[PDB]
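output the structure for:
(one chain, ligands or ions: 3)
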Amino acid sequence: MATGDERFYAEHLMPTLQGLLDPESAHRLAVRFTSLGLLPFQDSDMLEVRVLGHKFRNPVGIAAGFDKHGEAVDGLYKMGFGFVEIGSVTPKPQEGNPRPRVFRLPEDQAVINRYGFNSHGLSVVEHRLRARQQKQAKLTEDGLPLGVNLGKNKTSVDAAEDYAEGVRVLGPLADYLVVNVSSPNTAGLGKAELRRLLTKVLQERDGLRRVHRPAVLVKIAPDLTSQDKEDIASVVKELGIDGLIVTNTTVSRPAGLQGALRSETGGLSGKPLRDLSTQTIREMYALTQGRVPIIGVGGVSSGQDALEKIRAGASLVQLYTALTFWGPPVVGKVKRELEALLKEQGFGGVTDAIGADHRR
Ligand SMILES: Cc1cc2nc3c(=O)[nH]c(=O)nc-3n(C[C@H](O)[C@H](O)[C@H](O)COP(=O)(O)O)c2cc1C
Ligand SMILES: O=C(O)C1=C(C(=O)Nc2ccc(-c3cccc(OC(F)(F)F)c3)cc2F)CCC1
Ligand SMILES: O=C(O)c1cc(=O)[nH]c(=O)[nH]1
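Numbering: from 1, shown residues only. Ligands and ions are numbered 1, 2, ... in the order given. Shown next is the structure:
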């Protein structure tokens with residue numbers, strides 16, 4: 001509760017919280033507590049990584065979705081994350097799908113959600129980030145970068161314009177932007193469309209002043225065909241996209257799911273998604289010749305999970321669902337185990353392990 005013991009949180013606190021509140025209420029309370037610093041490991045130089053034009057104290061970040069409106073950024077750094085990504089944020093505010101829209105699958109250490117981009121909107125997030133803009137400038141310079149994930153409104157008629165608007169409004173406040181076109185919960189959120197979309201996004205980005213010019217990454221699904229991945233890699237290299245976030249939640253339902261809510265509509269996250277994501281990272285790393293930075297996401301809950309994605313090609317990793325089951329202590333746990341594994345496997349540091357599986 002205030003100490004920081006992994007067993008207490010995993011075995012007592014978290015289980016009790018879930019027994020008292022529904023999943024969405026639990027998340028909202030989580031955001032409140034985090035934003036208030038109500039939280040329970042020292043990063044070694046081994047965990048430091050330099051990519052996307054920035055230094056990262058450690059390669060473990062909080063995935064988009066936990067802090068959709070940028071309300072708990074500072075609390076998240078306090079929790080131990082090497083970098084924070086907020087969003088997705090839509091141009092105009094919107095409520096998202098009706099409740100219930102998030103479901104726990106305890107037996108699978110997984111979650112299914114269909115929020116549908118509930119967002120305070122660009123304007124509100126912009127002011128919220130501006131209020132701590134200088135503080136973030138010092139955090140970034142200190143190895144704690146900030147990412148902003150962009151989405152689009154449900155009733156938007158010009159997808160590309162929605163993202164362009166996001167680039168113009170929040171781009172100046174972020175170290176990196178994410179073009180999220182892999183959410184399974186928005187209408188119909190492709191080589192042709194992607195090229196057109198990203199060309200416009202990059203042009204908008206290049207039009208920003210130097211110190212306010214963020215890297216641009218594309219977040220993709222784990223349900224892509226081989227052709228889709230092949231085309232994405234081609235477009236990425238063609239336009240000079242700075243990086244990829246692999247992956248978002250899956251619309252598939254892997255055989256073996258035990259949770260009673262396994263058939264709810266939405267994207268599945270957690271352990272059942274882990275390896276499908278790692279494999280997607282492996283494939284994208286190869287298709288891009290290891291020249292395009294990858295942020296690996298999907299079922300990371302331990303040092304081994306993180307290292308597998310790093311060895312597969314990820315320069316950084318993110319987690320979300322593991323936090324909902326184990327609580328804040330999982331962050332230090334993952335970092336401590338990653339450090340130990342790097343040593344055991346002969347890597348001088350995280351950097352040396354990036355893509356290691358491909359050079360064996
Ligand atoms: C409740 C919930 C909400 C999410 N919202 C977003 C979002 O707004 N934008 C986004 O790009 N990803 C979103 N995600 C996906 C996560 O960022 C991540 O890609 C995915 O959950 C896999 O990681 P995990 O297995 O560690 O949770 C969300 C996930 C969950 C569980
Ligand atoms: O985060 C979520 O989106 C979801 C769930 C969840 O339980 N999330 C939580 C809850 C408390 C969390 C925290 C945060 C900060 C501190 C915590 O310890 C406390 F309560 F003692 F102060 C616990 C973190 C989460 F990610 C349930 C499924 C969806
Ligand atoms: O907001 C949602 O419903 C959502 C968006 C996204 O990108 N991924 C996800 O799992 N849910």
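
and the residue of the chain nearest ligand 1?
residue 65 (2.3 Å; C-beta to the nearest ligand atom). Bear in mind the C-beta positions are built from the backbone N, C-alpha and C, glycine included.

touching, that residue and residue 321? I think so.
No: in this structure residue 65 lies outside contact range of residue 321 using C-beta atoms under 8 Å: 9.5 Å.

OK, contacts around the residue of the chain closest to ligand 1?
For residue 65, the contact set (C-beta atoms under 8 Å, 6 or more residues apart in numbering) comprises 87, 88, 113, 115, 320.

among those residues, which are within reach of ligand 3?
88, 113, 115 (C-beta under 6 Å from any ligand atom).

in TSV, list those residues along with distance to residue 296, neighbour count and secondary structure.
TSV is the format used below for the ones next to ligand 3 among the contacts of residue 65 (distance: C-beta to C-beta, whole Å; neighbours: other C-beta atoms under 10 Å; DSSP: H, G, I helix; E, B strand; the rest coil):
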residue	distance to residue 296	neighbour count	secondary structure
88	19	23	strand
113	20	26	strand
115	22	22	coil
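
between these, which sits nearest residue 181?
residue 88 (10.4 Å; C-beta to C-beta).

residue 61 in helix, strand or coil?
Put simply, residue 61 is strand when judged by DSSP: H, G, I helix; E, B strand; the rest coil.

that one bridge partners, please.
Here residue 61 sits in beta bridges with residue 83, residue 318, going by DSSP bridges.

gap between it and residue 248?
As judged by C-beta to C-beta, to the nearest Å, residue 61 and residue 248 stand 15 Å apart.

residue 51 too?
Distance of residue 51 to residue 248, given as C-beta to C-beta: 20 Å.

quick check: phi and psi at the residue lying closest to residue 242 once chain neighbours are set aside.
Spatial nearest neighbour of residue 242, chain neighbours left out: residue 215 (3.9 Å); criterion: C-beta to C-beta, 6 or more residues apart in numbering. Dihedral pair for residue 215: phi -80, psi 150, per degrees, to the nearest 10.

and if you look at residue 82?
Note on residue 82: its backbone torsions stand at phi -70, psi -20 [degrees, to the nearest 10].

I'd say it and residue 54 touch.
No: in this structure residue 82 lies outside contact range of residue 54 using C-beta under 8 Å: 10.5 Å.

what about residue 194, how many residues close to it?
Residue 194 is flanked by 21 other residues according to other C-beta atoms under 10 Å.

now, which of the ones next to ligand 3 among the contacts of residue 65 sits nearest ligand 3?
Closest to ligand 3, out of all of the ones next to ligand 3 among the contacts of residue 65 and judged by C-beta to the nearest ligand atom, is residue 115, at 3.4 Å.

state the distance from the closest one to residue 65.
As judged by C-beta to C-beta, residue 115 and residue 65 stand 8 Å apart.

same check, this time on residue 172
As defined by C-beta to C-beta, residue 172 lies at a distance of 23 Å from residue 65.

quick one, what contacts the most centrally placed residue in the chain?
Against the mean C-alpha coordinate of the chain, by C-alpha atoms, centre = their mean, the closest residue is residue 63 at 2.6 Å. Neighbouring residues of residue 63 by C-beta under 8 Å, 6+ apart: 85, 297, 318, 319, 320.

how about residues contacting the one helix or strand the first one maps to?
The one in question is residue 85. Assigned by DSSP states H and E, residue 85 belongs to strand 83-89. With C-beta under 8 Å, 6+ apart as the test, strand 83-89 has contacts from 56, 61-65, 67-70, 73, 76-77, 117, 119-122, 125, 144-151, 166, 170, 175, 178, 180, 183, 316, 318.

tell me if stretch 311-319 is near ligand 1.
Yes: using C-beta under 6 Å from any ligand atom, stretch 311-319 comes into contact with ligand 1 via residue 319.
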